[PDB]
Amino acid sequence: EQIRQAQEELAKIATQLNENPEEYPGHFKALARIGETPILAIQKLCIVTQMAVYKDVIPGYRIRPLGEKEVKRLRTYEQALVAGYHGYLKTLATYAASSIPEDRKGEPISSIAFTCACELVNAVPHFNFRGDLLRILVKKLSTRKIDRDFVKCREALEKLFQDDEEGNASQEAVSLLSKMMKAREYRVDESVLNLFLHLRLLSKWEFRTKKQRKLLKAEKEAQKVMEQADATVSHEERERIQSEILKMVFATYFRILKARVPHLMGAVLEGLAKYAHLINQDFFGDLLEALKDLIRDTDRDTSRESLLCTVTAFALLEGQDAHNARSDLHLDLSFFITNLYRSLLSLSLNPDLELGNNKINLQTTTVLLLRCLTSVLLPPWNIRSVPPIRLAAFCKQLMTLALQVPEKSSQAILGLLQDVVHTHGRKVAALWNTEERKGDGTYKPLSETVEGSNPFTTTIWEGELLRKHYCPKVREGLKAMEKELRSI
Amino acid sequence: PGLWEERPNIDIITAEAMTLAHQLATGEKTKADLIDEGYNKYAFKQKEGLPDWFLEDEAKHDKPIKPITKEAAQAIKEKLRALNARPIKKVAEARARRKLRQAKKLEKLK
Amino acid sequence: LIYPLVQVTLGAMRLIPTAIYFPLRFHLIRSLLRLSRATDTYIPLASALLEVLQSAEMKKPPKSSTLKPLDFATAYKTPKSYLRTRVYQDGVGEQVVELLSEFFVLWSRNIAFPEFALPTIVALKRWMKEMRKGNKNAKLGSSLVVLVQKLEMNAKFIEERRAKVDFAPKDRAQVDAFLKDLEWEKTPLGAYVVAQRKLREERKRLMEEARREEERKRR
Amino acid sequence: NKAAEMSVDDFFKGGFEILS
Amino acid sequence: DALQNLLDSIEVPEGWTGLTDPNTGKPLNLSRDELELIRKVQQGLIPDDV
RNA sequence: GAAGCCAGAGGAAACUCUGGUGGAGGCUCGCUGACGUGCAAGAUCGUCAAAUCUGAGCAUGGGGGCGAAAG
């Protein structure tokens, strides 16, 4: 039919453009004209064929507008190519913005256009009108309606972020995403924020005549000096692009934090924990007191926010560079430790503990609590330097919490104390041997400070209740913990 | 199978401009004084009909000289400082490099 | 087989925690507590009780009405009339006071009672300060203040009689022989709970024989 | 070790131990 | 707010000067008209209107 | 004295062994300190010099502290 006639036309066009590109300059316009037809089958076919032809003809460089025989051949061919590519992008925009719903005969033109756009992003980022291409991608990743096309465009942007080695495409994509989120007032679905996490820039004797030999020598020295200059300018340009992208990313993170979007704080804190070592130093301190201010605002849902910020601070300080910076930078986590200590009881009586590769963005408050307690009691660095008073106070309060929390959370806490006693031992054995109980002072449960509560003046009595707890799992947890206590 | 987008932004990146900004911010000279000093010999000079070579020749040889203040210079440097200018890793490795330089100096002295 | 059985009861009250469905939660918590008393198994329920306390109905000032006290032996749901009524507020406060009473008298001798109760005391004191910074229900206020005082007294009592017990981790004869020789009326919380058992009984036969006279008068 | 094995987010599903 | 200070450090305000107002402890900023006047003084094209 | 090449004896092949050809080697012969990392009360790993000889011609780098370098 007309469909087969169109297929023959497109086949001729594509074959001619693959074989001899220069000799055929107007067949881009021929594709546009044949795609102008109003029947859906030929529109799908022409869009796919245009995808293929631009994919295999776009050069590895951009071209300048001429403005103002072989040379004129190339100029005409390149001008036709860019005009055609602009036309293809406009048509892709219109079809992608066109209404998806139709009668069911396969993938609609909307999904086909989205696939074409994703392939263009993945294949030709360097070429012109990357702005229009990425604008279509962002207009799709700005709707809060998870779809197959939505996940395709997320995958395309993630692939671009993890494959960009120069940085300009990544910069422009980040700028578009940032402006989109600011315009939508941060009503996005946290996937566009995880894209920032996925960013990569933030991580045979051929005879030669006498004449030829001297030339190839000359271009040898020329390419040597060019490689040197190229390396230096590449370093400088990468640094500048990284600076700009970091500026935009941290700006959007800080604005989301200041707006307190309930469903994005985890992702924002993960990004902060990931990139605070790549941002400056006084700014690292500023983020520490920013987390302090978030804790205080939550003090004046809320429990999860406070635990998220505590995990963020502890991970930030658990980074290697921050750990070596500690003394010089005055990075003290005493506030976070005391806040966790004072909030343990409220979290223990909270009824929503279990109402739920990431290291910060964790969906369950008890998981957050184990991350906090692991960072405090069992830090990766200076594990044999932890204050015994801190260890004992947290052990006592954690036994009380294990008494007063749901079964699986209790089993988690009990295993954490099992590991704590295995690791430290003699520092806390006095908490179970009553004849080593200290006699200087009385235990103060409702204390404001960990040291204020004298932890070595009390004994762990919670076993006589947790042993008759109804959960066999927590029962063998106590059995193993007491076994380690006896095998010290 | 089956073959949200909807006035100029003045930015001071220049030491002389930030010096005048400081002078306006402080009660040193006022708005009326700025207009009065703006009617100087450089005022009423054409720019619209002129070729680029002529304009650049004047731009390179006709910049009025004004004192710069250390405060304005520091403010410009702070504003144009990169966000990744002083990472912990780079500060630590610069300190390590200077410590190595001192150790090598001592060994040469030995 | 108690474990599976409990799991289901926890899930049953956690399916939806709504003030409409408080009575069902109260009934299943009573079931769990009576199971705990007959067996020797610990059932965490202070979380559920503190939830119903820091739920919506028991904080905002109530609404004036004139209805009949809900019979918390025949309810699966609460009528739309009882949404903000002082009658409903008093009924739920009395039920909470009761359930806490049986819980904390039911575990009134374990050598870790203060370690088991202290979170409940601090939560109740926080709620009391919040509501006297709420409603105006002085009846519930006084009932909870006397409850928390008696809980603190029982915890202290455990302090003095446990201060002289040896509990090395390889020798626990004294803690295994701690308090078998004392009965559930000597403890201050035992006296508390038996006294309000007597008070609950007097109110119950009050209402029962009373409704009998109204029935006879109507007849 | 064991603490990490429980701090895995997949350990708090809520499956009843009668569907073994 | 610490977050607001962080935003300011990332993207400095338009009228940022690095000084502190003696009248009020907050940092002092240039207004739209003041920035326009600084522009006019620096370029010289139209020092005064009309 | 290794790659590589040649014969033969076993192994389905891959390979093992013997007898050889081959003459590449950061291989031999003639007459330590300074540091860095350490995650404890010091273990370990890494970096820095000792740089074919010689006649006649020729060029360059030099101090300190500050700073991320640019300066």
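A few points about this structure:
- Enumeration of residues in the stretch B:67-77 that are more than 9 Å from RNA strand F (Cβ to nearest atom) and surrounded by 10 or more Cβ atoms within 10 Å (Cβ to Cβ): B:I68, B:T69, B:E71, B:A72, B:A73, B:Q74, B:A75, B:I76
- Applying the criterion of being among the basic types (K, R) and under 26 Å from the mean Cα position of the chain (by Cα) to the residues of the stretch C:155-198, the residue that is surrounded by the most Cβ atoms within 10 Å (Cβ to Cβ) is C:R162.
- Of residues in the stretch A:439-449 being charged (D, E, K, R) and within 49 Å of the chain's Cα centre (by Cα), the one nearest to C:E152 (Cα to Cα): A:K444
- Filter result for A:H323 (within 14 Å of chain B (Cβ to nearest Cβ), surrounded by fewer than 21 Cβ atoms within 10 Å (Cβ to Cβ) and touching a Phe, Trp or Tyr at 6+ places or on another chain (Cβ under 9 Å)): yes
- Some residue of the stretch A:399-406 being among the aliphatic types (A, V, I, L, M), within 30 Å of A:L197 (Cα to Cα) and assigned to a loop (DSSP other than H, G, I, E, B): no
- Just one residue in the set A:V420, A:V386 is more than 18 Å from A:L347 (Cα to Cα), facing chain D (nearest Cβ under 10 Å) and within 16 Å of RNA strand F (Cβ to nearest atom); that residue is A:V420.
- Of the residues making up the stretch A:210-253, those that are within 12 Å of chain B (Cβ to nearest Cβ) and touching a helix residue (DSSP H, G or I) at 6+ places or on another chain (Cβ under 7 Å) number 9.
Condition check ((1) under 30 Å from A:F284 (Cα atoms); (2) more than 14 Å from chain A (Cβ to nearest Cβ); (3) in contact with a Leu (Cβ under 8 Å, 6 or more places away or on another chain); (4) not hydrophobic (A, V, I, L, M, F, W, C)) across all residues:
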site: B:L3; (1), (2), (3), (4): no, no, yes, no
site: B:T19; (1), (2), (3), (4): no, yes, no, yes
site: B:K31; (1), (2), (3), (4): no, yes, yes, yes
site: B:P64; (1), (2), (3), (4): no, yes, no, yes
site: B:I76; (1), (2), (3), (4): yes, yes, no, no
site: B:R97; (1), (2), (3), (4): yes, yes, no, yes
site: B:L100; (1), (2), (3), (4): yes, yes, no, no
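- Unmet requirement for B:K108, which otherwise passes all of (1) within 16 Å of RNA strand F (Cβ to nearest atom); (2) surrounded by 13 or more Cβ atoms within 10 Å (Cβ to Cβ); (3) over 26 Å from A:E237 (Cα atoms): (2)
This table checks each residue for (1) within 10 Å of another protein chain (Cβ to nearest Cβ); (2) closer than 24 Å to A:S343 by Cα; (3) within 16 Å of RNA strand F (Cβ to nearest atom).
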position	(1), (2), (3)
A:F284	yes, no, yes
A:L288	yes, yes, no
A:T298	no, yes, no
A:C309	no, yes, no
A:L316	no, yes, yes
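- Among the residues of the stretch A:326-346, those that are crowded, with 16+ Cβ neighbours inside 10 Å and under 29 Å from the mean Cα position of the chain (by Cα) comprise A:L329, A:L331, A:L333, A:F335, A:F336, A:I337, A:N339, A:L340.
- Among the residues of the stretch A:440-463, those that are of a type outside the set (G, A, S) and within 12 Å of chain C (Cβ to nearest Cβ) comprise A:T442, A:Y443, A:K444, A:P445, A:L446, A:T457, A:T458, A:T459, A:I460, A:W461, A:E462.
- Condition met for A:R437 (more than 16 Å from RNA strand F (Cβ to nearest atom), within 14 Å of chain C (Cβ to nearest Cβ) and at negative phi): yes
- Every listed requirement among (1) within 9 Å of chain A (Cβ to nearest Cβ); (2) of a type outside the set (D, E, K, R); (3) more than 14 Å from C:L189 (Cβ to Cβ); (4) not in a helix (DSSP H, G or I) is met by C:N110 save one, (3).
Yes or no, residue by residue, for (1) under 24 Å from D:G14 (Cβ atoms); (2) within 11 Å of RNA strand F (Cβ to nearest atom); (3) within 11 Å of chain D (Cβ to nearest Cβ):
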residue: A:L398; (1), (2), (3): yes, no, no
residue: A:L403; (1), (2), (3): yes, no, no
residue: A:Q411; (1), (2), (3): yes, no, yes
residue: A:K427; (1), (2), (3): no, yes, no
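- Considering A:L349, A:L344, A:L340, A:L329, the condition of being more than 17 Å from A:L287 (Cα to Cα) and more than 14 Å from chain C (Cβ to nearest Cβ) is satisfied by A:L340 alone.
- Sole exception among (1) surrounded by 15 or more Cβ atoms within 10 Å (Cβ to Cβ); (2) among the aromatic types (F, W, Y); (3) in a loop (DSSP other than H, G, I, E, B) for C:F26, by number: (3)
- B:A82 being among the hydrophobic types (A, V, I, L, M, F, W, C), within 16 Å of RNA strand F (Cβ to nearest atom), farther than 26 Å from E:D48 by Cβ and surrounded by 12 or more Cβ atoms within 10 Å (Cβ to Cβ): yes
- All of (1) more than 18 Å from A:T458 (Cβ to Cβ); (2) surrounded by fewer than 16 Cβ atoms within 10 Å (Cβ to Cβ) hold for A:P387 with one exception: (1).
- Per the listing B:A103, B:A94, the residue uniquely farther than 25 Å from E:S9 by Cβ, surrounded by 10 or more Cβ atoms within 10 Å (Cβ to Cβ) and within 16 Å of RNA strand F (Cβ to nearest atom) is B:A103.
Because the Cβ atoms are built from the backbone with ideal geometry, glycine has one as well, and the counts that use them run over all protein chains shown. Any read-out appearing in this document is the output of simple, stated calculations on the displayed coordinates, not a laboratory observation.
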